[PDB]
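A lone chain, given as structure tokens: the form deposited in one PDB entry.
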């Protein structure tokens, strides 16, 4: 719960410590079924207002099935889509193409509406029947059609049919514009009462059940819904839920900013920037790194990340935060001559890289300007500061409370000779730059 932050003046970088991990290492597949009714193209002789409304609402049921059958003919239910994140779901999606797998799940749900199943591929899958639309249609709609003259029943049956058919039409619509795969999983795909009941019945520890139940919105955002088949009066689609195998290991986020020589110009000042910024978490003796910010979602002091878009780095990678010149790890930097001003809003403050004739200030909402940044790379904590201005750009500082630490140190950009410094390294390293200088010093 304690959040702390350290700013390294020598490297123009900051690290936000104190977070807890929640890394997804596996998937859990569950089949959601909707009992449907196969109908003949029945038609009535007369055009009655109470019957024409049923005629129109039945067409929505007929068109939604036709649309889902078109989604069944296209990816990812067939062929492409196996080397991605929905691989575990497609495996179950492909099993249901076998017979009588649809009969195996239909027979286990006619008595409870919700049960476990064992498929022929040997995966114990929880099956849900969230809508028994066949039971409703065959009991109150099919006999009235069948007469060859249809009844003029009360119109409340028409409204009851729209409510039963409403959830089916939304699922079809969500699948139709998302190529049969939706994420996050909407409440129409799986309601809150169904998702919570699904979490409580998963082969997981009691600790992981509380974790997922207290962050159901995060679970939805990291889940997938995959359309499968319409076979034998059963509409089945797989919901792929995340399994967090790494919990409560320490995480930290690295913030970087350009570090340049301070001159005003109109001239030549060299720069360097630490690379590989993002989220780092300890994971099985190594360190998992997440470069893309879209993969990690921060809730309170816990970080939910997906290990599919991660890189495994040795634990010595944390040495770049304490000593960038260490030999145990080759810390990576990029170089340039772009002396443009910018600011990075960290967790407990803001890094400000002010260069040229740019006006960089940190202001208070009531008090006004409380700090004017000189040329270079500086830092200010959120304590008492509300906004940071860099030129014509305004940044709002994160207000979450934590203790900050300003680690004083000489900027490492002053250790290099500009006449020999490689000022255009896209993805270099400290040892790569120092040896590139030794060659030019001949």
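The term rigid core refers to the maximal set of C-alpha atoms that superpose within 1.5 Å between the two forms. Residue numbers count along the first chain shown, from 1.
There is also a form deposited in another entry; it is not shown, and the following applies to it.
Residue showing a CA shift of 2 Å or more between this form and the one not shown (rigid core superposed; candidates 265, 337, 311, 371): 265. After superposition on the rigid core, the Cα of residue 386 moves by less than 2 Å between this form and the one not shown.
The rigid-core alignment places the CA of residue 144 2 Å or more apart between this form and the one not shown. With the core held fixed between this form and the one not shown, residue 56 has its Cα displaced by under 2 Å.
Cα-Cα spacing of residue 266 to residue 261 is reduced in that other deposited form versus the present form (difference of at least 3 Å). Relative to what is shown, residue 266 and residue 416 are closer in that other deposited form; their C-alpha atoms differ in spacing by at least 3 Å.
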